[PDB]
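So the structure is just underneath, and the comments pick up after that.
The numbers here are math on the coordinates, done by the rules we state, and not lab data. Methodologically, a virtual Cβ is constructed for each residue, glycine included, from the backbone with ideal geometry; neighbour enumeration extends over all protein chains shown.
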Amino acid sequence: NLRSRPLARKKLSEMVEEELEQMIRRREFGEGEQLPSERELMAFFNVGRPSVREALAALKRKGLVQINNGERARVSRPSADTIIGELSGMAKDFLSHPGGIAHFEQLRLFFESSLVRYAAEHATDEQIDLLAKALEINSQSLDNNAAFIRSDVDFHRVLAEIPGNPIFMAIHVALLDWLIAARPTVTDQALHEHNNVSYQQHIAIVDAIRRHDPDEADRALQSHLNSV
Amino acid sequence: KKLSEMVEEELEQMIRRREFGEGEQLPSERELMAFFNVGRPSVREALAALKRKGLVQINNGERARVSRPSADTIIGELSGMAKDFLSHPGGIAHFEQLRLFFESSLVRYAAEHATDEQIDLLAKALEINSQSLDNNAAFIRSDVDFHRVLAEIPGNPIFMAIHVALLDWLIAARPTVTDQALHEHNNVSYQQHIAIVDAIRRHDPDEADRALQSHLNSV
DNA sequence: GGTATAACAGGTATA
DNA sequence: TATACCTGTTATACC
């Protein structure tokens, strides 16, 4: 450890991991694979090989580096996706106990209402083409299977991408994944009429956005979320 | 892929299914490894990940246990997230903007189902909120209590958790606080809350949203 | 004596 | 072709 300090009983792995943390915080490395390999650091610190592996693995969990296969660690910063990855541990309890299912629906409804209100209020002359091509590519009836579902979720994503906030897209993807993960026994009984109703509601929504009237858009969105 | 994450999620869902309660009820990890056809460092990495999460307790050579409280992981995630500040100077305001997208989803709900049982509660809350006198201690406590009783109107435990999380996040983020400017800030805040509760009584969510937007713009 | 923690080499998919 | 991930082995201090 370049300082002659064993620290065996007090877990010497903490010493090397905090030394690596300090060396990274000292702005002595770049943003990629500037850090050496495992054997180089092992020989430089006169320690074991599995210790450095555990250190890096713990560091990745803490959200500091990233490794894939046959490449050194790439130092980065913990973004919004890292927080969502570290979370979701208690999400199973919510779907386990009877409640919470309506709470997630209410949260999603509030989020979508807020974002559609912001989009209708800050409606520029360029984002109209995005929603136009979205409703155009989601207008034809060619595949009544899962293609319409992915088209609808892509339309929702491009609608949520209007503000331009990295945390917004992250939480949107997280909520959509947590919602589609709790859809058991999906059957194709009345999904075609559901697709037609969704198309009509999207047409009404874009018409209300063009006319600058969030009331009708909010009513159509509430009706769509109540019809499920 | 990586075996580690597989057995990690397996033991996570096992401890979530309430298969083992308090104490050292887990079997020997050697025969677990022999049955799962995994490696020794994988189990050590899984235990280290669980210790970093804050669910098990390993000191010397004893076995792991369960952890019912969840306050350690909260401050852990707080310290881990409150770091991305020097990268984006104004992007933090985006996070503040997120708070907007939350509060605008609250003042427009009082006119939905609140009839009289919540009106008395918010009135008796704002009574003490206005009776408060201290600028740094009483006014901040009154403001957070008003925000809590506002978030508790729909009756949702997730909303309260999100609100307190945003509160502690902004508290850890903002490093400098004022006293003279905060006085007029909370003054205008409760002056606008008066109009907010007036519009709530009159069943007009537009005026409440406008007052909230003006309060957020006043900073 | 059981416990975790320590060290080493060897075979193989992959960029 | 060079890389790291996974699997093989044994030695040692403490309760």
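With springs only between Cα atoms under 10 Å, which of B:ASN136, B:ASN59, B:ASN186 fluctuates most in a Gaussian network model of chain B?
For chain B, modelled as a Gaussian network with Cα springs under 10 Å, the answer is B:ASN59.
Can you tell me how region B:108-219 classifies by the Cα gyration tensor, rounded, prolate or oblate, using a/c under 1.5 as the rounded cut?
prolate
So if I take the alpha carbon set of region A:157-199, get Rg, then get Rh from the Kirkwood formula, what is the Rg over Rh ratio? Intermediate values should be presented prior to the final figure.
Numbers: Rg = 13.8 Å, Rh = 12.5 Å.
Ratio of gyration radius to Kirkwood radius for region A:157-199: 1.11.
Nearest 20 debye, what's the magnitude of the dipole of the protein assembly as shown about its Cα centre given +1 on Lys and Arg Cβ and -1 on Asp and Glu Cβ?
Working: 51 positive and 68 negative charges, 501 e Å.
Roughly 2400 debye for the protein assembly as shown.
With respect to the cross-link table entries A:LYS60/B:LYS2; A:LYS11/B:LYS53; A:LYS92/B:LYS83; A:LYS62/B:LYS83, which display a Cα-Cα separation exceeding 24 Å? Provide the component values of the computation, followed by the final result.
Working: A:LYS60/B:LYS2 14 Å; A:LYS11/B:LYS53 18 Å; A:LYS92/B:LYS83 28 Å; A:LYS62/B:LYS83 12 Å.
Listed pairs above 24 Å: A:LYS92/B:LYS83.
Which is farthest toward the positive dipole end of chain A among A:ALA182, A:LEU131, A:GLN222, measuring Cα position about the Cα centre, with Cβ charges +1 (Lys, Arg) and -1 (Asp, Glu)?
Of the options given, the answer is A:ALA182.
Give me a single rounded figure for B:107-116: the average over its residues of other chain Cβ atoms within 10 Å of their Cβ.
Partner Cβ neighbours, averaged per residue: 1.
Choose one answer from B:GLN13, B:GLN57, B:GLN118: the residue with the largest mean-square fluctuation in a GNM of chain B with alpha-carbon springs under 10 Å.
Greatest mean-square fluctuation among the candidates belongs to B:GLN13.
Sort A:220-228, B:68-76, A:149-157 for me by packing, meaning the mean count of neighbouring Cβ atoms within 10 Å per residue, highest on top. Please report the intermediate quantities before stating the final value.
On the way: A:220-228: 13.6, B:68-76: 11.8, A:149-157: 15.2.
Result, highest mean first: A:149-157, A:220-228, B:68-76.
Can you run the Rg to Rh ratio on region A:118-173? Use alpha carbon positions and the Kirkwood inverse-distance Rh.
So for region A:118-173, dividing Rg by the Kirkwood Rh gives 1.02.
Ranked highest first by average number of other Cβ atoms within 10 Å, how do B:98-104, A:140-146 line up? Intermediate values should be presented prior to the final figure.
Working: B:98-104: 17.4, A:140-146: 9.3.
Top of the packing list down: B:98-104, A:140-146.
Tilt of helix B:71-81 relative to the longest C-alpha principal axis of chain B, in degrees (0 to 90, nearest 10)?
Relative to chain B, helix B:71-81 is tipped by roughly 80 degrees.
Given that compact globular proteins tend to follow 2.2 N^0.38 Å, what is the ratio of the alpha-carbon Rg of region A:1-157 to that value?
Expressed relative to 2.2 N^0.38 Å, the Cα Rg reads 1.63.
Principal axis extents for the protein assembly as shown, Cα atoms only, whole Å, descending order, please.
72, 66, 46
Take peptide B:43-56, look around each residue's Cβ out to 10 angstrom, count Cβ atoms belonging to other protein chains, and average those counts. Let's see the in-between values first.
Working: counts 0, 3, 5, 0, 0, 5, 3, 0, 1, 4, 3, 1, 1, 0.
What the average comes to for B:43-56 is 2.
Let's see if you can work this out: charge +1 on each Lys and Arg Cβ, -1 on each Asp and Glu Cβ, no other charges. What is the dipole magnitude of chain A about its Cα centre, in debye to the nearest 20?
So the magnitude is around 1660 debye.
If you look at just the Cα atoms of region A:51-104, how large are its Rg and its Dmax in Å?
According to the Cα coordinates of region A:51-104, Rg and Dmax are 16.0, 46 Å.
With +1 assigned to the C-beta of every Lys and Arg and -1 to the C-beta of every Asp and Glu, and no other charges, what is the dipole magnitude of region B:86-160 about the Cα centre in debye, to the nearest 20?
For region B:86-160, the charge dipole is close to 260 debye.
Quick one: grab the alpha carbon gyration tensor of region B:1-92, order the square roots of its eigenvalues as a ≥ b ≥ c, and give me rounded if a/c is under 1.5, else prolate or oblate depending on whether a/b is larger than b/c.
On the way: a/c = 2.61, a/b = 1.78, b/c = 1.47.
It is prolate, given that a/c is not under 1.5 and a/b is the larger ratio.
For a bin width of 10 Å, list the pair-distance distribution of region A:170-228 built from all Cα-Cα distances, rounded to whole %.
20, 37, 36, 6
Could you tell me how far the Cα centroid of region B:19-61 sits from the Cα centroid of region A:109-143, in Å?
A separation of 48 Å, based on Cα centres.
Compute and list, largest first, the equivalent-ellipsoid semi-axes of region B:71-141 from the alpha carbon gyration tensor, each √(5λ) rounded to a whole angstrom.
They are 32, 19, 14 Å, listed largest first.
Under the definition of partner shielding as Cβ atoms of other protein chains within 10 Å of a residue Cβ, what is the mean value for peptide A:79-85?
2
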